[PDB]
$ cat work-v3.pdb   # PDB, C-alpha atoms and all ligand atoms
ATOM      1  CA  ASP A  50       8.987 -15.536  10.644  1.00  0.00           C
ATOM      2  CA  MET A  51       6.346 -12.978   9.614  1.00  0.00           C
ATOM      3  CA  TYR A  52       2.717 -13.034  10.769  1.00  0.00           C
ATOM      4  CA  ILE A  53      -0.482 -11.057   9.956  1.00  0.00           C
ATOM      5  CA  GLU A  54      -2.904  -9.463  12.523  1.00  0.00           C
ATOM      6  CA  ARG A  55      -6.287  -7.932  11.501  1.00  0.00           C
ATOM      7  CA  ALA A  56      -6.450  -4.117  11.881  1.00  0.00           C
ATOM      8  CA  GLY A  57      -9.875  -3.242  10.380  1.00  0.00           C
ATOM      9  CA  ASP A  58     -12.475  -2.992   7.623  1.00  0.00           C
ATOM     10  CA  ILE A  59     -11.737  -1.218   4.406  1.00  0.00           C
ATOM     11  CA  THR A  60     -14.391   1.535   4.288  1.00  0.00           C
ATOM     12  CA  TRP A  61     -14.516   5.185   3.223  1.00  0.00           C
ATOM     13  CA  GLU A  62     -14.955   7.371   6.380  1.00  0.00           C
ATOM     14  CA  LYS A  63     -17.255  10.362   5.818  1.00  0.00           C
ATOM     15  CA  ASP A  64     -15.683  13.429   7.479  1.00  0.00           C
ATOM     16  CA  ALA A  65     -12.180  11.951   7.814  1.00  0.00           C
ATOM     17  CA  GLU A  66      -9.211  14.353   8.374  1.00  0.00           C
ATOM     18  CA  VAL A  67      -8.508  16.146   5.013  1.00  0.00           C
ATOM     19  CA  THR A  68      -4.764  16.935   4.508  1.00  0.00           C
ATOM     20  CA  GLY A  69      -1.844  16.548   1.983  1.00  0.00           C
ATOM     21  CA  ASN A  70      -1.029  18.470  -1.195  1.00  0.00           C
ATOM     22  CA  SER A  71      -1.029  17.235  -4.917  1.00  0.00           C
ATOM     23  CA  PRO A  72       2.468  17.694  -6.506  1.00  0.00           C
ATOM     24  CA  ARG A  73       3.064  16.999 -10.219  1.00  0.00           C
ATOM     25  CA  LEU A  74       6.530  15.383 -10.387  1.00  0.00           C
ATOM     26  CA  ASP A  75       8.623  14.029 -13.299  1.00  0.00           C
ATOM     27  CA  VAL A  76       9.838  10.608 -12.004  1.00  0.00           C
ATOM     28  CA  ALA A  77      11.771   7.513 -13.267  1.00  0.00           C
ATOM     29  CA  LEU A  78      11.279   3.889 -12.245  1.00  0.00           C
ATOM     30  CA  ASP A  79      14.306   1.553 -12.286  1.00  0.00           C
ATOM     31  CA  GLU A  80      14.530  -2.295 -12.564  1.00  0.00           C
ATOM     32  CA  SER A  81      14.847  -2.572  -8.756  1.00  0.00           C
ATOM     33  CA  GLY A  82      11.443  -0.849  -8.281  1.00  0.00           C
ATOM     34  CA  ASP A  83      13.022   2.381  -6.973  1.00  0.00           C
ATOM     35  CA  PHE A  84      11.468   5.711  -7.944  1.00  0.00           C
ATOM     36  CA  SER A  85      13.740   8.718  -8.482  1.00  0.00           C
ATOM     37  CA  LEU A  86      13.196  12.403  -9.458  1.00  0.00           C
ATOM     38  CA  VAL A  87      13.940  13.446 -13.052  1.00  0.00           C
ATOM     39  CA  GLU A  88      15.359  16.979 -13.327  1.00  0.00           C
TER
ATOM     40  CA  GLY B  16      -5.919 -18.626   9.933  1.00  0.00           C
ATOM     41  CA  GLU B  17      -8.001 -15.456   9.562  1.00  0.00           C
ATOM     42  CA  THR B  18      -9.312 -15.105   6.003  1.00  0.00           C
ATOM     43  CA  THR B  19     -11.795 -12.214   6.606  1.00  0.00           C
ATOM     44  CA  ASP B  20     -11.599  -9.335   4.099  1.00  0.00           C
ATOM     45  CA  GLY B  21      -9.910  -6.264   5.628  1.00  0.00           C
ATOM     46  CA  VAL B  22      -6.615  -4.523   6.385  1.00  0.00           C
ATOM     47  CA  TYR B  23      -3.887  -6.395   8.299  1.00  0.00           C
ATOM     48  CA  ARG B  24      -0.567  -5.604   9.935  1.00  0.00           C
ATOM     49  CA  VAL B  25       2.530  -7.553   8.776  1.00  0.00           C
ATOM     50  CA  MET B  26       4.554  -8.258  11.936  1.00  0.00           C
ATOM     51  CA  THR B  27       7.917  -9.937  12.680  1.00  0.00           C
ATOM     52  CA  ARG B  28       9.406 -11.384  15.884  1.00  0.00           C
ATOM     53  CA  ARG B  29      12.942 -11.816  14.339  1.00  0.00           C
ATOM     54  CA  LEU B  30      14.108  -8.430  15.653  1.00  0.00           C
ATOM     55  CA  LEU B  31      13.648  -6.845  19.167  1.00  0.00           C
ATOM     56  CA  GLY B  32      10.071  -7.325  20.490  1.00  0.00           C
ATOM     57  CA  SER B  33       7.330  -7.566  17.841  1.00  0.00           C
ATOM     58  CA  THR B  34       7.983  -5.100  14.991  1.00  0.00           C
ATOM     59  CA  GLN B  35       5.494  -3.964  12.324  1.00  0.00           C
ATOM     60  CA  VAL B  36       7.257  -4.165   8.904  1.00  0.00           C
ATOM     61  CA  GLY B  37       4.179  -3.381   6.796  1.00  0.00           C
ATOM     62  CA  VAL B  38       0.445  -3.697   6.076  1.00  0.00           C
ATOM     63  CA  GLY B  39      -1.709  -5.589   3.533  1.00  0.00           C
ATOM     64  CA  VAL B  40      -5.192  -6.225   2.169  1.00  0.00           C
ATOM     65  CA  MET B  41      -7.192  -9.441   2.364  1.00  0.00           C
ATOM     66  CA  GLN B  42      -9.778  -9.648  -0.463  1.00  0.00           C
ATOM     67  CA  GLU B  43     -11.438 -12.735  -2.017  1.00  0.00           C
ATOM     68  CA  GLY B  44      -9.070 -15.053  -0.086  1.00  0.00           C
ATOM     69  CA  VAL B  45      -5.889 -13.363  -1.363  1.00  0.00           C
ATOM     70  CA  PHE B  46      -3.408 -11.327   0.768  1.00  0.00           C
ATOM     71  CA  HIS B  47      -1.975  -8.293  -1.121  1.00  0.00           C
ATOM     72  CA  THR B  48       1.089  -6.349   0.040  1.00  0.00           C
ATOM     73  CA  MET B  49       4.245  -4.576  -1.229  1.00  0.00           C
ATOM     74  CA  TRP B  50       7.265  -6.753  -2.184  1.00  0.00           C
ATOM     75  CA  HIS B  51       9.681  -4.735   0.006  1.00  0.00           C
ATOM     76  CA  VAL B  52       7.568  -5.585   3.145  1.00  0.00           C
ATOM     77  CA  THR B  53       7.958  -9.422   2.961  1.00  0.00           C
ATOM     78  CA  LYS B  54      10.738  -9.887   0.298  1.00  0.00           C
ATOM     79  CA  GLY B  55       8.499 -12.767  -0.957  1.00  0.00           C
ATOM     80  CA  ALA B  56       8.772 -14.791   2.290  1.00  0.00           C
ATOM     81  CA  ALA B  57       5.948 -17.070   3.604  1.00  0.00           C
ATOM     82  CA  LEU B  58       3.461 -15.558   6.049  1.00  0.00           C
ATOM     83  CA  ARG B  59       1.714 -16.956   9.089  1.00  0.00           C
ATOM     84  CA  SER B  60      -1.936 -16.250   9.980  1.00  0.00           C
ATOM     85  CA  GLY B  61      -2.479 -17.913  13.361  1.00  0.00           C
ATOM     86  CA  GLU B  62      -1.819 -21.648  12.897  1.00  0.00           C
ATOM     87  CA  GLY B  63      -2.160 -21.266   9.077  1.00  0.00           C
ATOM     88  CA  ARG B  64       0.437 -20.592   6.402  1.00  0.00           C
ATOM     89  CA  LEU B  65       0.170 -18.166   3.465  1.00  0.00           C
ATOM     90  CA  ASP B  66       2.447 -18.930   0.516  1.00  0.00           C
ATOM     91  CA  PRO B  67       3.418 -16.381  -2.165  1.00  0.00           C
ATOM     92  CA  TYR B  68       1.544 -16.794  -5.458  1.00  0.00           C
ATOM     93  CA  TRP B  69       2.637 -13.859  -7.625  1.00  0.00           C
ATOM     94  CA  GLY B  70       5.268 -11.166  -7.207  1.00  0.00           C
ATOM     95  CA  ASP B  71       7.232  -8.498  -9.071  1.00  0.00           C
ATOM     96  CA  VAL B  72      10.133  -6.409  -7.655  1.00  0.00           C
ATOM     97  CA  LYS B  73       9.665  -3.648 -10.285  1.00  0.00           C
ATOM     98  CA  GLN B  74       5.949  -3.152  -9.570  1.00  0.00           C
ATOM     99  CA  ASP B  75       6.927  -3.710  -5.849  1.00  0.00           C
ATOM    100  CA  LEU B  76       3.853  -5.952  -5.346  1.00  0.00           C
ATOM    101  CA  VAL B  77       3.135  -9.506  -4.055  1.00  0.00           C
ATOM    102  CA  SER B  78       0.000 -11.699  -3.567  1.00  0.00           C
ATOM    103  CA  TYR B  79      -0.556 -14.762  -1.334  1.00  0.00           C
ATOM    104  CA  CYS B  80      -2.917 -17.801  -1.812  1.00  0.00           C
ATOM    105  CA  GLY B  81      -3.984 -16.601  -5.272  1.00  0.00           C
ATOM    106  CA  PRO B  82      -3.609 -14.068  -8.051  1.00  0.00           C
ATOM    107  CA  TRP B  83      -3.768 -10.244  -7.592  1.00  0.00           C
ATOM    108  CA  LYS B  84      -7.526  -9.333  -7.124  1.00  0.00           C
ATOM    109  CA  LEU B  85      -7.430  -5.496  -6.742  1.00  0.00           C
ATOM    110  CA  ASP B  86      -8.310  -3.711  -9.999  1.00  0.00           C
ATOM    111  CA  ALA B  87      -9.996  -0.397  -8.999  1.00  0.00           C
ATOM    112  CA  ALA B  88      -8.344   2.691 -10.474  1.00  0.00           C
ATOM    113  CA  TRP B  89      -8.043   6.362  -9.364  1.00  0.00           C
ATOM    114  CA  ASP B  90     -10.311   8.412 -11.670  1.00  0.00           C
ATOM    115  CA  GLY B  91      -7.657  11.189 -11.928  1.00  0.00           C
ATOM    116  CA  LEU B  92     -10.081  13.794 -10.482  1.00  0.00           C
ATOM    117  CA  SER B  93     -11.477  13.022  -6.991  1.00  0.00           C
ATOM    118  CA  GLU B  94     -10.101  12.921  -3.460  1.00  0.00           C
ATOM    119  CA  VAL B  95      -9.163   9.482  -2.057  1.00  0.00           C
ATOM    120  CA  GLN B  96      -8.489   8.044   1.409  1.00  0.00           C
ATOM    121  CA  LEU B  97      -5.297   6.481   2.723  1.00  0.00           C
ATOM    122  CA  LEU B  98      -6.351   3.910   5.329  1.00  0.00           C
ATOM    123  CA  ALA B  99      -3.086   4.291   7.228  1.00  0.00           C
ATOM    124  CA  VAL B 100      -2.190   1.503   9.691  1.00  0.00           C
ATOM    125  CA  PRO B 101       0.944   2.885  11.501  1.00  0.00           C
ATOM    126  CA  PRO B 102       3.121   0.759  13.813  1.00  0.00           C
ATOM    127  CA  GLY B 103       1.475   0.422  17.232  1.00  0.00           C
ATOM    128  CA  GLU B 104      -1.339   2.800  16.242  1.00  0.00           C
ATOM    129  CA  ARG B 105      -5.022   2.401  15.364  1.00  0.00           C
ATOM    130  CA  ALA B 106      -6.176   2.302  11.665  1.00  0.00           C
ATOM    131  CA  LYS B 107      -7.099   5.844  10.557  1.00  0.00           C
ATOM    132  CA  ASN B 108      -8.592   7.208   7.289  1.00  0.00           C
ATOM    133  CA  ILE B 109      -6.904  10.318   5.832  1.00  0.00           C
ATOM    134  CA  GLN B 110      -8.469  12.181   2.896  1.00  0.00           C
ATOM    135  CA  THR B 111      -6.251  13.790   0.261  1.00  0.00           C
ATOM    136  CA  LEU B 112      -6.300  14.889  -3.382  1.00  0.00           C
ATOM    137  CA  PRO B 113      -3.598  12.913  -5.193  1.00  0.00           C
ATOM    138  CA  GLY B 114      -0.777  14.468  -7.176  1.00  0.00           C
ATOM    139  CA  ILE B 115       0.791  12.931 -10.352  1.00  0.00           C
ATOM    140  CA  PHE B 116       4.006  10.958 -11.059  1.00  0.00           C
ATOM    141  CA  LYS B 117       4.797  11.709 -14.734  1.00  0.00           C
ATOM    142  CA  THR B 118       6.910   8.786 -16.080  1.00  0.00           C
ATOM    143  CA  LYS B 119       8.194   7.852 -19.607  1.00  0.00           C
ATOM    144  CA  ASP B 120       5.523   5.059 -19.607  1.00  0.00           C
ATOM    145  CA  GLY B 121       2.570   7.198 -18.448  1.00  0.00           C
ATOM    146  CA  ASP B 122       1.126   8.937 -15.385  1.00  0.00           C
ATOM    147  CA  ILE B 123       0.446   7.415 -11.945  1.00  0.00           C
ATOM    148  CA  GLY B 124      -1.468   8.981  -9.054  1.00  0.00           C
ATOM    149  CA  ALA B 125       0.598   9.943  -6.011  1.00  0.00           C
ATOM    150  CA  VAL B 126      -0.242  10.637  -2.326  1.00  0.00           C
ATOM    151  CA  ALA B 127       1.816  13.200  -0.385  1.00  0.00           C
ATOM    152  CA  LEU B 128       1.324  11.792   3.134  1.00  0.00           C
ATOM    153  CA  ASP B 129       4.267  11.015   5.428  1.00  0.00           C
ATOM    154  CA  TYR B 130       4.107   7.916   7.686  1.00  0.00           C
ATOM    155  CA  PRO B 131       6.654   5.432   9.260  1.00  0.00           C
ATOM    156  CA  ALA B 132       8.206   2.798   6.884  1.00  0.00           C
ATOM    157  CA  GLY B 133       6.146   0.059   8.608  1.00  0.00           C
ATOM    158  CA  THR B 134       2.950   1.699   7.212  1.00  0.00           C
ATOM    159  CA  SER B 135       3.928   0.374   3.626  1.00  0.00           C
ATOM    160  CA  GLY B 136       1.110  -1.710   2.067  1.00  0.00           C
ATOM    161  CA  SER B 137      -1.725   0.476   3.545  1.00  0.00           C
ATOM    162  CA  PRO B 138      -4.598   0.683   1.007  1.00  0.00           C
ATOM    163  CA  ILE B 139      -5.701   3.822  -0.847  1.00  0.00           C
ATOM    164  CA  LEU B 140      -9.496   3.823  -1.499  1.00  0.00           C
ATOM    165  CA  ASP B 141     -12.070   5.521  -3.702  1.00  0.00           C
ATOM    166  CA  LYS B 142     -15.462   6.902  -2.477  1.00  0.00           C
ATOM    167  CA  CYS B 143     -16.966   3.387  -2.998  1.00  0.00           C
ATOM    168  CA  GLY B 144     -14.432   1.783  -0.583  1.00  0.00           C
ATOM    169  CA  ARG B 145     -12.610  -0.068  -3.401  1.00  0.00           C
ATOM    170  CA  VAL B 146      -8.831  -0.389  -3.108  1.00  0.00           C
ATOM    171  CA  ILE B 147      -7.250   1.650  -5.923  1.00  0.00           C
ATOM    172  CA  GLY B 148      -3.657   0.883  -4.836  1.00  0.00           C
ATOM    173  CA  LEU B 149      -1.147   0.455  -1.988  1.00  0.00           C
ATOM    174  CA  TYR B 150       0.938   3.147  -0.242  1.00  0.00           C
ATOM    175  CA  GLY B 151       4.668   2.732   0.405  1.00  0.00           C
ATOM    176  CA  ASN B 152       6.753   3.043  -2.788  1.00  0.00           C
ATOM    177  CA  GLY B 153       7.750   6.563  -3.778  1.00  0.00           C
ATOM    178  CA  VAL B 154      10.235   9.384  -3.609  1.00  0.00           C
ATOM    179  CA  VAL B 155      11.616  12.111  -1.286  1.00  0.00           C
ATOM    180  CA  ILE B 156      11.149  15.560  -2.884  1.00  0.00           C
ATOM    181  CA  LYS B 157      13.234  18.826  -2.443  1.00  0.00           C
ATOM    182  CA  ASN B 158      11.838  19.851   1.037  1.00  0.00           C
ATOM    183  CA  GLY B 159      12.471  16.327   2.405  1.00  0.00           C
ATOM    184  CA  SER B 160       8.768  15.396   2.276  1.00  0.00           C
ATOM    185  CA  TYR B 161       7.604  11.905   1.204  1.00  0.00           C
ATOM    186  CA  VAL B 162       5.384  11.282  -1.860  1.00  0.00           C
ATOM    187  CA  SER B 163       4.205   7.679  -2.472  1.00  0.00           C
ATOM    188  CA  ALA B 164       2.821   6.302  -5.762  1.00  0.00           C
ATOM    189  CA  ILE B 165      -0.733   4.890  -5.778  1.00  0.00           C
ATOM    190  CA  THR B 166       0.665   1.407  -6.670  1.00  0.00           C
ATOM    191  CA  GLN B 167      -1.858  -0.891  -8.330  1.00  0.00           C
ATOM    192  CA  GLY B 168      -1.467  -4.441  -9.695  1.00  0.00           C
ATOM    193  CA  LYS B 169      -3.179  -6.150 -12.628  1.00  0.00           C
ATOM    194  CA  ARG B 170      -6.096  -8.563 -12.232  1.00  0.00           C
ATOM    195  CA  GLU B 171      -5.574 -11.303 -14.914  1.00  0.00           C
TER
HETATM  196  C1  LIG A 201      12.770  11.652   4.369  1.00  0.00           C
HETATM  197  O1  LIG A 201      12.274  10.390   3.943  1.00  0.00           O
HETATM  198  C2  LIG A 201      11.337   9.848   4.852  1.00  0.00           C
HETATM  199  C3  LIG A 201      11.255   8.360   4.636  1.00  0.00           C
HETATM  200  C4  LIG A 201       9.887   7.930   4.136  1.00  0.00           C
HETATM  201  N1  LIG A 201       9.877   6.520   3.734  1.00  0.00           N
HETATM  202  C5  LIG A 201       8.671   5.836   3.704  1.00  0.00           C
HETATM  203  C6  LIG A 201       7.499   6.421   4.187  1.00  0.00           C
HETATM  204  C7  LIG A 201       6.327   5.691   4.097  1.00  0.00           C
HETATM  205  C8  LIG A 201       6.339   4.441   3.544  1.00  0.00           C
HETATM  206  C9  LIG A 201       7.538   3.943   3.091  1.00  0.00           C
HETATM  207  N2  LIG A 201       8.699   4.608   3.169  1.00  0.00           N
HETATM  208  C10 LIG A 201      10.939   6.198   2.766  1.00  0.00           C
HETATM  209  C11 LIG A 201      12.284   6.627   3.307  1.00  0.00           C
HETATM  210  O2  LIG A 201      12.257   8.018   3.672  1.00  0.00           O
END
$ encode --input "work-v3.pdb" --output "C-alpha cells"
Amino acid sequence: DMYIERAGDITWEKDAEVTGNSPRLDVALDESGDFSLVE
Amino acid sequence: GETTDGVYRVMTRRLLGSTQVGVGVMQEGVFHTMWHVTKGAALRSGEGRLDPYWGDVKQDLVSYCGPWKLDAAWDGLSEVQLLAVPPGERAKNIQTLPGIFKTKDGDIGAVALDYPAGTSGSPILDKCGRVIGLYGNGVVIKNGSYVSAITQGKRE
C-alpha cells in the first residue's frame, strides 16, 4: 500500500539556488501520456 | 490523517524498505499528484484513507478526496521555483527560467532540472507561492539531460 508523509510548506524562497537552462523543444504527446521529441 | 496544506512524499512499503515513489500537493482538502506515481491506487494518510476522485493518463494527473484545485499558470516570462522533494532528502527550492514545449495543440512551459524518478509530483511555483504545475512528465533531450513539462490540471 502507498502512504503520504508531510515534507513542508509551499512557499517561494527568496535567494534560492538559481540554476537550469530554458530550451525551446518541438514535442509530441501520445495517448499514454508520454512526451517525445519531434525532429 | 494529515489534511494540512503542503508538499508530501508518496511512499510504499511493497518493495525493499520504505521507497519514495513520488510527491504531491495538499490544497483545500485535495491531494494532487502525477498518475504515474500512484497508478490511481488508494492512499493512506496515517489511519485515514484517501480515495481517487479524478484522473487522466494523458494529462498524467490524479486528485484525491475532491476535484483538481490547482489553477495558477506560468506567465510565460518570469523565473519559477521547483520545490523538489527528492527521495530521502530535505525539501529544497530551486529557481529556474522555464523553457518551452512546442506541441501541435499549443505551448507548455518546461523545467530543465534533473532529479530522481521518485521526485515526480513536486510542485512548480510562481513568485506568489501558487502551484503552477507538477514536475515529473517530460523528455530526454540529445545530451541525455532531462526536461519536464510544467504539468497543470483544470479546475472545473
Ligand atoms: C536520462 O534520463 C534520466 C531519467 C529522468 N527521469 C525522470 C526524472 C525526474 C522525474 C521523472 N523522471 C525519466 C527517465 O530518465
$ residues_near_ligand --input "work-v3.pdb" --ligand "ligand LIG 201 (chain A)" --cutoff "12 Å" --atoms "all atoms listed in the file" --output "PyMOL selection string"
(chain A and resi 83-85) or (chain B and resi 36-38+49-52+75+97+99-102+126-138+149-165)
$ residues_around --input "work-v3.pdb" --residues "range 92-96 of chain B" --least-positions-apart "5" --cutoff "10 Å" --atoms "all atoms listed in the file" --output "PDB file with C-alpha atoms, in the frame of the given file"
ATOM      1  CA  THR A  60     -14.391   1.535   4.288  1.00  0.00           C
ATOM      2  CA  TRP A  61     -14.516   5.185   3.223  1.00  0.00           C
ATOM      3  CA  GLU A  62     -14.955   7.371   6.380  1.00  0.00           C
ATOM      4  CA  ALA A  65     -12.180  11.951   7.814  1.00  0.00           C
ATOM      5  CA  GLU A  66      -9.211  14.353   8.374  1.00  0.00           C
ATOM      6  CA  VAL A  67      -8.508  16.146   5.013  1.00  0.00           C
TER       7      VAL A  67
ATOM      8  CA  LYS B 107      -7.099   5.844  10.557  1.00  0.00           C
ATOM      9  CA  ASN B 108      -8.592   7.208   7.289  1.00  0.00           C
ATOM     10  CA  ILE B 109      -6.904  10.318   5.832  1.00  0.00           C
ATOM     11  CA  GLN B 110      -8.469  12.181   2.896  1.00  0.00           C
ATOM     12  CA  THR B 111      -6.251  13.790   0.261  1.00  0.00           C
ATOM     13  CA  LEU B 112      -6.300  14.889  -3.382  1.00  0.00           C
ATOM     14  CA  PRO B 113      -3.598  12.913  -5.193  1.00  0.00           C
ATOM     15  CA  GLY B 114      -0.777  14.468  -7.176  1.00  0.00           C
ATOM     16  CA  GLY B 124      -1.468   8.981  -9.054  1.00  0.00           C
ATOM     17  CA  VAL B 126      -0.242  10.637  -2.326  1.00  0.00           C
ATOM     18  CA  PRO B 138      -4.598   0.683   1.007  1.00  0.00           C
ATOM     19  CA  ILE B 139      -5.701   3.822  -0.847  1.00  0.00           C
ATOM     20  CA  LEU B 140      -9.496   3.823  -1.499  1.00  0.00           C
ATOM     21  CA  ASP B 141     -12.070   5.521  -3.702  1.00  0.00           C
ATOM     22  CA  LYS B 142     -15.462   6.902  -2.477  1.00  0.00           C
ATOM     23  CA  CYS B 143     -16.966   3.387  -2.998  1.00  0.00           C
ATOM     24  CA  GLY B 144     -14.432   1.783  -0.583  1.00  0.00           C
ATOM     25  CA  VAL B 146      -8.831  -0.389  -3.108  1.00  0.00           C
ATOM     26  CA  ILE B 147      -7.250   1.650  -5.923  1.00  0.00           C
TER      27      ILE B 147
END
$ atom_distance --input "work-v3.pdb" --atom1 "CA of residue 122 in chain B" --atom2 "CA of residue 63 in chain A"
28.1 Å
$ atom_distance --input "work-v3.pdb" --atom1 "CA of residue 82 in chain A" --atom2 "CA of residue 170 in chain B"
19.6 Å
$ closest_atom_pairs --input "work-v3.pdb" --of "chain A" --to "chain B" --cutoff "6 Å" --atoms "all atoms listed in the file" --output "Markdown table"
| residue | atom | partner | partner_atom | distance |
| --- | --- | --- | --- | --- |
| A:51 | CA | B:27 | CA | 4.6 |
| A:52 | CA | B:59 | CA | 4.4 |
| A:53 | CA | B:25 | CA | 4.8 |
| A:54 | CA | B:24 | CA | 5.2 |
| A:55 | CA | B:23 | CA | 4.3 |
| A:56 | CA | B:23 | CA | 5.0 |
| A:57 | CA | B:22 | CA | 5.3 |
| A:58 | CA | B:21 | CA | 4.6 |
| A:59 | CA | B:21 | CA | 5.5 |
| A:60 | CA | B:144 | CA | 4.9 |
| A:61 | CA | B:144 | CA | 5.1 |
| A:65 | CA | B:109 | CA | 5.9 |
| A:66 | CA | B:109 | CA | 5.3 |
| A:67 | CA | B:110 | CA | 4.5 |
| A:68 | CA | B:111 | CA | 5.5 |
| A:69 | CA | B:111 | CA | 5.5 |
| A:71 | CA | B:114 | CA | 3.6 |
| A:72 | CA | B:114 | CA | 4.6 |
| A:73 | CA | B:115 | CA | 4.7 |
| A:74 | CA | B:116 | CA | 5.1 |
| A:75 | CA | B:117 | CA | 4.7 |
| A:76 | CA | B:118 | CA | 5.3 |
| A:77 | CA | B:118 | CA | 5.8 |
| A:80 | CA | B:73 | CA | 5.5 |
| A:81 | CA | B:73 | CA | 5.5 |
| A:82 | CA | B:73 | CA | 3.9 |
| A:84 | CA | B:153 | CA | 5.6 |
$ write_last_selection --input "work-v3.pdb" --atoms "C-alpha atoms" --output "PDB file, in the coordinates of the input"
ATOM      1  CA  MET A  51       6.346 -12.978   9.614  1.00  0.00           C
ATOM      2  CA  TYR A  52       2.717 -13.034  10.769  1.00  0.00           C
ATOM      3  CA  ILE A  53      -0.482 -11.057   9.956  1.00  0.00           C
ATOM      4  CA  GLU A  54      -2.904  -9.463  12.523  1.00  0.00           C
ATOM      5  CA  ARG A  55      -6.287  -7.932  11.501  1.00  0.00           C
ATOM      6  CA  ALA A  56      -6.450  -4.117  11.881  1.00  0.00           C
ATOM      7  CA  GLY A  57      -9.875  -3.242  10.380  1.00  0.00           C
ATOM      8  CA  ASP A  58     -12.475  -2.992   7.623  1.00  0.00           C
ATOM      9  CA  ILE A  59     -11.737  -1.218   4.406  1.00  0.00           C
ATOM     10  CA  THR A  60     -14.391   1.535   4.288  1.00  0.00           C
ATOM     11  CA  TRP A  61     -14.516   5.185   3.223  1.00  0.00           C
ATOM     12  CA  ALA A  65     -12.180  11.951   7.814  1.00  0.00           C
ATOM     13  CA  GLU A  66      -9.211  14.353   8.374  1.00  0.00           C
ATOM     14  CA  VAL A  67      -8.508  16.146   5.013  1.00  0.00           C
ATOM     15  CA  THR A  68      -4.764  16.935   4.508  1.00  0.00           C
ATOM     16  CA  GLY A  69      -1.844  16.548   1.983  1.00  0.00           C
ATOM     17  CA  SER A  71      -1.029  17.235  -4.917  1.00  0.00           C
ATOM     18  CA  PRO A  72       2.468  17.694  -6.506  1.00  0.00           C
ATOM     19  CA  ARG A  73       3.064  16.999 -10.219  1.00  0.00           C
ATOM     20  CA  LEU A  74       6.530  15.383 -10.387  1.00  0.00           C
ATOM     21  CA  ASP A  75       8.623  14.029 -13.299  1.00  0.00           C
ATOM     22  CA  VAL A  76       9.838  10.608 -12.004  1.00  0.00           C
ATOM     23  CA  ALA A  77      11.771   7.513 -13.267  1.00  0.00           C
ATOM     24  CA  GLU A  80      14.530  -2.295 -12.564  1.00  0.00           C
ATOM     25  CA  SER A  81      14.847  -2.572  -8.756  1.00  0.00           C
ATOM     26  CA  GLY A  82      11.443  -0.849  -8.281  1.00  0.00           C
ATOM     27  CA  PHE A  84      11.468   5.711  -7.944  1.00  0.00           C
TER      28      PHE A  84
END
$ atom_distance --input "work-v3.pdb" --atom1 "CA of residue 148 in chain B" --atom2 "CA of residue 167 in chain B"
4.3 Å
$ axis_aligned_box --input "work-v3.pdb" --around "range 55-70 of chain A" --padding-each-side "6 Å" --output "lines of an AutoDock Vina configuration file"
center_x = -9.1
center_y = 5.3
center_z = 5.3
size_x = 28.2
size_y = 38.4
size_z = 25.1
$ resolve_selection --input "work-v3.pdb" --expression "the PyMOL selection byres (((chain B and resi 171) around 8) and not hetatm)" --output "list in words"
residues 82, 83, 169 and 170 of chain B
$ decode --input "work-v3.pdb" --residues "range 63-72 of chain A" --atoms "N, CA, C and O atoms" --output "compact mmCIF listing (two decimals), in the first residue's frame"
# COMPACT_ATOMS: atom_id res chain seq x y z
N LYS A 63 13.16 33.34 -1.09
CA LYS A 63 13.97 34.42 -1.64
C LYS A 63 15.43 34.04 -1.48
O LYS A 63 15.83 33.57 -0.42
N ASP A 64 16.20 34.16 -2.56
CA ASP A 64 17.61 33.77 -2.62
C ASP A 64 17.79 32.26 -2.55
O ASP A 64 18.63 31.75 -1.80
N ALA A 65 17.00 31.54 -3.35
CA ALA A 65 17.13 30.09 -3.52
C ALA A 65 18.22 29.88 -4.59
O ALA A 65 18.60 30.83 -5.29
N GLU A 66 18.76 28.66 -4.72
CA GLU A 66 19.79 28.38 -5.73
C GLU A 66 19.21 28.52 -7.15
O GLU A 66 18.21 27.88 -7.47
N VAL A 67 19.80 29.40 -7.98
CA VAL A 67 19.33 29.68 -9.34
C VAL A 67 20.13 28.87 -10.38
O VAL A 67 21.30 29.19 -10.63
N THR A 68 19.51 27.85 -11.00
CA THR A 68 20.19 27.01 -12.00
C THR A 68 19.20 26.58 -13.15
O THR A 68 18.09 27.09 -13.21
N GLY A 69 19.64 25.73 -14.08
CA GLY A 69 18.80 25.26 -15.17
C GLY A 69 18.69 26.20 -16.35
O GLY A 69 18.56 27.41 -16.18
N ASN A 70 18.72 25.64 -17.57
CA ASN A 70 18.56 26.45 -18.77
C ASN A 70 17.07 26.49 -19.23
O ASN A 70 16.20 26.04 -18.48
N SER A 71 16.75 27.07 -20.40
CA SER A 71 15.38 27.23 -20.93
C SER A 71 15.29 26.77 -22.41
O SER A 71 15.15 27.61 -23.31
N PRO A 72 15.34 25.46 -22.69
CA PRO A 72 15.30 25.02 -24.10
C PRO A 72 13.92 25.08 -24.76
O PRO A 72 12.91 24.81 -24.13
